[PDB]
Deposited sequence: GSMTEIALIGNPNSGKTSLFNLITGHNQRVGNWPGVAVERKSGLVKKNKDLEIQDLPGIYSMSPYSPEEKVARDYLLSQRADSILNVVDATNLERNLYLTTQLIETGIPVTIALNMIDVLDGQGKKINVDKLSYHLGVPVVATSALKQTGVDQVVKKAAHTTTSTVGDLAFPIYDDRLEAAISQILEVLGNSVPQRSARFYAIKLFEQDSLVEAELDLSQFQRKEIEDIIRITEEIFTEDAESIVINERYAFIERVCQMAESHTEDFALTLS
């Protein structure tokens, strides 16, 4: 009845959390026509909640079969929640994916894992500035697991209304606004920002997927051409640097 997608960087403790949450209620198979493990399970302590594991990834690029599975599933609306496993010992770099996950429009909850090793992070202030709930967990000591599962189960597409996205530089936002206004009804409302950023990056999968008119296509090219002159960097590099700047600010404001 509530579908939670478990994802995060490799070696963030995702398997460990997944096994604790689901116990031996796990199903193993594969993603259709792709050589990638598919696993899921019911939450041991609440069988109305189901965890869909997703391959560990650093980013949602179009080049990797794992990343495409991650993306295709999150943009398919099967998930009510994303429970983002984050390595607290390497916070900033893990948040690179976190920003992308928020952009899908499926509400994110962060299991701030490996908190035991970390023994400075202000959980309440980190949650405030990222705009997602954050629960310190330890898969080793088995702390915060039930708490984060409970937060995620109550942080869904039907409970969350004001979806707070990472706001970037005015000059990138202008280009995203212009792309959203161009796209209009040609993409889903929930994940509109995800698609706009991807079109701005000239993402092969997204271009091939959307039936965009010549009118739409030409406006998006203009927007991209101009924004590259305003920033003096290529579209991809603009988005990469803006993601890290947003991560660098948020971490400054909360340690």
Chain regions without C-alpha coordinates, deposited sequence numbering: 1-2, 122-125, 262-272
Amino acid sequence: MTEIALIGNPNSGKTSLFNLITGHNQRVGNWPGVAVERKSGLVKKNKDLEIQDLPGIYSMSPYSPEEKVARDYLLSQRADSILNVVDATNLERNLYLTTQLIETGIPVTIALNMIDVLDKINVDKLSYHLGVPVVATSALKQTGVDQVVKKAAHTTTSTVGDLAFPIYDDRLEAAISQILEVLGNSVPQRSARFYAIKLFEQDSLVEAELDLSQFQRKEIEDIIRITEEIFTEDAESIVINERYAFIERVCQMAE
From here on, numbers count along this sequence of modelled residues.
Given 153-161 and 73-81, the range whose Cα B-factors average higher in the PDB entry: 153-161
Residue range whose averaged C-alpha B-factor is higher in the record, 89-97 or 103-111: 89-97
B-factor third for the C-alpha atom of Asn11 within its chain: middle
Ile230 by Cα B-factor - lowest, middle or highest third of the modelled chain: highest
Chain thirds of CA B-factor: placement of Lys47: highest
B-factor third for the C-alpha atom of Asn30 within its chain: lowest
Third of the chain, ranked by Cα B-factor, where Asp211 sits: highest
